[PDB]
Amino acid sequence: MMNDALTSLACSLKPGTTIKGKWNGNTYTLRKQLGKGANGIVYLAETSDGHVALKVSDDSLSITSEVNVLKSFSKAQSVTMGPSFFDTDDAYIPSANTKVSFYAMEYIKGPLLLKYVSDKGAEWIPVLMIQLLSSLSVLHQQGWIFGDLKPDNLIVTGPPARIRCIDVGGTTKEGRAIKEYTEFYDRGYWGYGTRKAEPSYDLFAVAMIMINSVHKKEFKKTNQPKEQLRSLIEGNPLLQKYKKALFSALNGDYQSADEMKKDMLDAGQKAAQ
């Protein structure tokens, strides 16, 4: 629900609606809406082989982009936070009078990141940030920048505990401009840099995600954002412990996610002796 097409799509697609792929011929029966946004609508859908999450849009370009992001995750030599990719196709929706494109991916459920760490304890926060950094390293090496990286898009499945991303909409090719962002997690909002899609943009967001995970709320910038963030980090026992990684991510010291991961591992090692 942002443009006329997607909003009309949203009103059009109902539980019980079937969508059949034009090229591959798979049928998906919508069960319930999971999510709604500029990049498309996400449904729980049933197939002959079980259930999937199905993302539908009028924008074939963004669907193709997201498919290639999921395929990039799937090429990793290790597990990653991304859902598995199953299928992508076009379809005609007579009721909404529009051609659409869609993809099917792994349906994953679990508590949001903030819920998980509230329940299981703050010690899990740097642990899950390290998993996140490992996955971002995979994406970055494939030329993709997550961009709109934020806690509402991260769940923790398990056991064993695994951070997962539930939507890759707005992932952007390196070098291009990030246009999908959330102020609290955005380098530009805080006055710390540009919205160029590069690894350091994502790392700034990771720092802000860790801050949100500890502080349990977002807040607006003040006239002195750098002192504002410095004060919050230094005044909290857990954030203080990881201040080298957090300050370096805020300040743009890193060129790669692996560098931030190393500093987080080192801070953890010190305590773990």
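All residue numbers refer to positions in the sequence shown, first residue = 1.
Relative to one another, 133 to 141 and 85 to 93 have unequal mean CA B-factors, and 85 to 93 is the one with the higher figure. Looking at mean Cα B-factors across 221 to 229 and 46 to 54, the upper value is held by 46 to 54. Remark: of 9, 264, 249, 257, 9 shows the highest value [criterion: C-alpha B-factor in the PDB entry]. Annotation for 187, 173, 164, 99: 99 ranks highest, by Cα B-factor. Compared with the other modelled residues of the chain, the Cα B-factor recorded for residue 181 ranks in the highest third. In the deposited entry, the Cα temperature factor of residue 119 sits in the top third of values across the chain's modelled residues.
When the CA B factors of the chain's modelled residues are split into thirds, the value for residue 66 lands in the lowest one.
Ranked against the other modelled residues of its chain, the C-alpha B-factor of residue 60 as given in the entry falls in the middle third. Residue-level temperature factors show residue 27 in the middle third of its chain, judged at the C-alpha atom.
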